[PDB]
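This is start.cif (mmCIF, C-alpha atoms and all ligand atoms).
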data_data
#
loop_
_atom_site.group_PDB
_atom_site.id
_atom_site.type_symbol
_atom_site.label_atom_id
_atom_site.label_comp_id
_atom_site.auth_asym_id
_atom_site.auth_seq_id
_atom_site.Cartn_x
_atom_site.Cartn_y
_atom_site.Cartn_z
ATOM 1 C CA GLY A 1 20.227 -16.259 12.840
ATOM 2 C CA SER A 2 17.341 -16.533 10.387
ATOM 3 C CA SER A 3 14.089 -18.047 11.653
ATOM 4 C CA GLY A 4 11.208 -16.592 9.663
ATOM 5 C CA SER A 5 10.795 -15.216 6.149
ATOM 6 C CA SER A 6 7.651 -13.097 5.847
ATOM 7 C CA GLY A 7 6.171 -12.351 9.257
ATOM 8 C CA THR A 8 4.462 -15.066 11.288
ATOM 9 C CA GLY A 9 1.593 -16.073 9.024
ATOM 10 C CA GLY A 10 -1.051 -13.404 8.566
ATOM 11 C CA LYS A 11 -1.022 -11.779 5.135
ATOM 12 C CA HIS A 12 -0.504 -8.135 6.100
ATOM 13 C CA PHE A 13 0.360 -5.667 3.337
ATOM 14 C CA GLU A 14 2.308 -2.551 4.319
ATOM 15 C CA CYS A 15 2.372 0.737 2.407
ATOM 16 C CA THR A 16 5.758 1.382 0.799
ATOM 17 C CA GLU A 17 4.791 5.060 0.884
ATOM 18 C CA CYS A 18 4.074 5.689 4.566
ATOM 19 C CA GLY A 19 4.353 2.197 6.016
ATOM 20 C CA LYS A 20 0.779 1.523 7.102
ATOM 21 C CA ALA A 21 0.015 -2.172 7.579
ATOM 22 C CA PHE A 22 -3.358 -3.283 6.216
ATOM 23 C CA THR A 23 -5.046 -6.633 6.850
ATOM 24 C CA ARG A 24 -6.602 -6.400 3.388
ATOM 25 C CA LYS A 25 -4.881 -6.321 -0.004
ATOM 26 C CA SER A 26 -7.814 -4.473 -1.569
ATOM 27 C CA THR A 27 -8.112 -1.970 1.279
ATOM 28 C CA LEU A 28 -4.457 -0.950 1.025
ATOM 29 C CA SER A 29 -4.532 -0.529 -2.754
ATOM 30 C CA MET A 30 -7.233 2.058 -2.064
ATOM 31 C CA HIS A 31 -5.156 3.776 0.622
ATOM 32 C CA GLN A 32 -2.001 4.019 -1.489
ATOM 33 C CA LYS A 33 -4.122 6.194 -3.778
ATOM 34 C CA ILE A 34 -3.733 8.949 -1.184
ATOM 35 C CA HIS A 35 -0.004 9.013 -1.935
ATOM 36 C CA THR A 36 -0.421 9.102 -5.715
ATOM 37 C CA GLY A 37 -3.074 11.791 -5.400
ATOM 38 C CA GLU A 38 -0.945 14.893 -5.912
ATOM 39 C CA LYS A 39 -0.722 17.693 -8.476
ATOM 40 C CA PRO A 40 -0.890 16.585 -12.136
ATOM 41 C CA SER A 41 2.649 15.520 -13.042
ATOM 42 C CA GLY A 42 1.941 14.430 -16.605
ATOM 43 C CA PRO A 43 -1.292 12.682 -17.646
ATOM 44 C CA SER A 44 -1.941 10.975 -20.982
ATOM 45 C CA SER A 45 -4.715 10.011 -23.399
ATOM 46 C CA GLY A 46 -5.630 6.996 -21.289
HETATM 47 ZN ZN ZN B 1 0.428 4.999 2.649
#
For this file, write the structure as structure tokens.
Amino acid sequence: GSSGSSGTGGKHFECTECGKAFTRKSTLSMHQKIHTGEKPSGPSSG
């Protein structure tokens, strides 16, 4: 049956792109950039 909900306790954030688990929310956010770092799809005046 169901025992846990979100892991055991530690706040580990995984990358929805590759699936890398990072022990830091800030660290990951920086890693995910590697996935969104491809050819220019369609930039804007921002
Ligand atoms: Zn990733």
Using only C-alpha atoms and all ligand atoms, find each protein or nucleic acid residue lying at most 6 Å from ligand ZN 1 (chain B); present the set as JSON, numbers by chain. {"A": [15, 17, 18, 19, 20, 32]}
Do you know which residues are at most 12 Å from residue 28 of chain A counting all atoms listed in the file, after dropping those on the same chain fewer than 2 positions away, and could you put them as a ChimeraX atom specification? /A:12-26,30-35
How many Å lie between atom CA of residue 42 of chain A and atom CA of residue 27 of chain A, rounded to one decimal?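 Result for atom CA of residue 42 of chain A versus atom CA of residue 27 of chain A: 26.3 Å, one decimal.
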So that all listed atoms of segment 15-25 of chain A fit with 4 Å spare on each side, what axis-aligned box centre and edge lengths in Å, to one decimal, would you give as AutoDock Vina command-line options?
--center_x -0.4 --center_y -0.5 --center_z 3.8 --size_x 20.4 --size_y 20.3 --size_z 15.6
Expressed in Å to a single decimal, how great is the separation between atom CA of residue 11 of chain A and atom CA of residue 38 of chain A?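 That distance, rounded to one decimal, is 28.9 Å.
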